[PDB]
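Trainee: Got an experimental structure here, sequence first:
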Amino acid sequence: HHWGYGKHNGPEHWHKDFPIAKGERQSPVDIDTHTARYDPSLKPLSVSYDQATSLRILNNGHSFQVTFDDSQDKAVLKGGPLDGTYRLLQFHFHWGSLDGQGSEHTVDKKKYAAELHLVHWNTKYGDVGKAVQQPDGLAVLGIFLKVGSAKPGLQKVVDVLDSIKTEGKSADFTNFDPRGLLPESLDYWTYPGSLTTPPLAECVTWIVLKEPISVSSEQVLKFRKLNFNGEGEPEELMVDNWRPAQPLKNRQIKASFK
Ligand SMILES: C[C@]12CC[C@@H]3c4ccc(OS(N)(=O)=O)cc4CC[C@H]3[C@@H]1CCC2=O
Ligand SMILES: [Zn+2]
């Protein structure tokens, strides 16, 4: 019906409404670290978030997202494999019912407990709707989460999740600094791919950081208290909101690092 992550509407069903689900550059993928080629021509990523303006936090029935003002070049991604400048629109996460699954990308088949996606769009296309119709329209920065020590910079997010438990709910979420979610290293893998939820548009340059961040069990347990459902519907925990790895097909994953 309306798509989701369950047995009857999950990733294996998505191709019926979105036939590009079986396309040539679908995401996520398994990153086979020994086959990825070091590309010495790849530039360091430029992550310029000093002037980021967060606006809202929202439960959309498939994840939660923190939205940013993308009406000016305040929080931008450039360099790396990218041509031009990409504005930060939002970040969100994918996570599991248990710590051994939850990431969308895998690394030598290893699944992480969660994956953070910072979604940016190419300013040459003017708006994100236009950008999703272009093969170089979006750049998504992907960061793996493992469970161990807490991530202090994530705690402001975790603490408001009680206020957006169900689909439709949102809250003010100003002055959040996404730099507190980044690992030390910007070493990355990159490949051409797609959105990982409907409409699965093949518009994304994926930039996946090698270094995970650590979050605590308590932090990830708060993700797992969210609900896919609307407030007055049967409670169905928002867990396992990840798409599995898709066929690599005629693509090469490049590494920024040796
Ligand atoms: C809202 C949206 C549909 C959903 C699109 C989407 C879907 C999944 C998504 O997640 S992921 N995992 O691919 O980063 C990011 C976005 C950003 C652009 C979003 C689109 C911009 C215009 C539009 O109609
Ligand atoms: Zn995502």
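Mentor: Noted; the coordinates are in hand. Residues are numbered from 1 along each chain as shown. Ligands and ions are numbered 1, 2, ... in the order given.

Trainee: thinking residue 230 is in contact with residue 236, fair?
Mentor: No: applying CB atoms under 8 Å, one finds residue 230 not in contact with residue 236, separated by 10.2 Å. Every C-beta, even on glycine, is put in place using the N, C-alpha and C of the backbone.

Trainee: who touches both of those two?
Mentor: Counting by CB atoms under 8 Å, 6 or more residues apart in numbering, residue 230 and residue 236 have no common neighbour.

Trainee: can you give me the strands in the stretch 51-200 of the chain?
Mentor: For the stretch 51-200 of the chain, the strands defined by DSSP state E, counting those that start in this stretch cover 54-59, 64-68, 76-79, 86-95, 106-107, 114-122, 138-147, 170-172, 188-193.

Trainee: Check which helices and strands the third one sits against.
Mentor: The one in question is strand 76-79. On a contact count with 3 or more CB pairs under 8 Å, 6 or more residues apart in numbering; DSSP states H and E, strand 76-79 meets strand 45-48, strand 86-95, strand 114-122.

Trainee: Who does that strand pair with, and is each partner parallel or antiparallel?
Mentor: Partners of strand 76-79 in the sheet, by DSSP bridges, are strand 45-48 (antiparallel), strand 86-95 (antiparallel).

Trainee: Determine which stretch of these is the most buried.
Mentor: When those are scored by mean count of other CB atoms under 10 Å, the highest mean neighbour count falls to strand 86-95 (a mean of 24).

Trainee: now that strand, how far from the centre of its chain.
Mentor: From the chain centre to the centre of strand 86-95 is a distance of 5 Å (CA atoms, centre = their mean, to the nearest Å).

Trainee: do stretch 16-32 as well
Mentor: 15 Å.

Trainee: I figured residue 248 was touching residue 27, is that so?
Mentor: No: applying CB under 8 Å, one finds residue 248 not in contact with residue 27, separated by 10.3 Å.

Trainee: residues in the stretch 51-200 of the chain within reach of ligand 1, list them.
Mentor: Applying CB under 6 Å from any ligand atom, we find that the stretch 51-200 of the chain lies next to ligand 1 at 117, 119, 128, 129, 132, 140, 195, 196, 197.

Trainee: what about the fifth one, neighbour count?
Mentor: Translated: residue 132. Residues contacting residue 132 under the criterion other CB atoms under 10 Å number 18.

Trainee: What of the first one?
Mentor: Around residue 117 there are 23 other residues, counting by other CB under 10 Å.

Trainee: just the second one next, same as before
Mentor: Other residues near residue 119 number 23, with proximity taken as other CB under 10 Å.

Trainee: partners of it in the sheet?
Mentor: residue 90, residue 140.

Trainee: check contacts around it.
Mentor: Per CB under 8 Å, 6+ apart, neighbours of residue 119: 88, 89, 90, 91, 92, 138, 140.

Trainee: let's go with 6 Å and repeat that
Mentor: For residue 119, the contact set (CB atoms under 6 Å, 6 or more residues apart in numbering) comprises 89, 90, 140.
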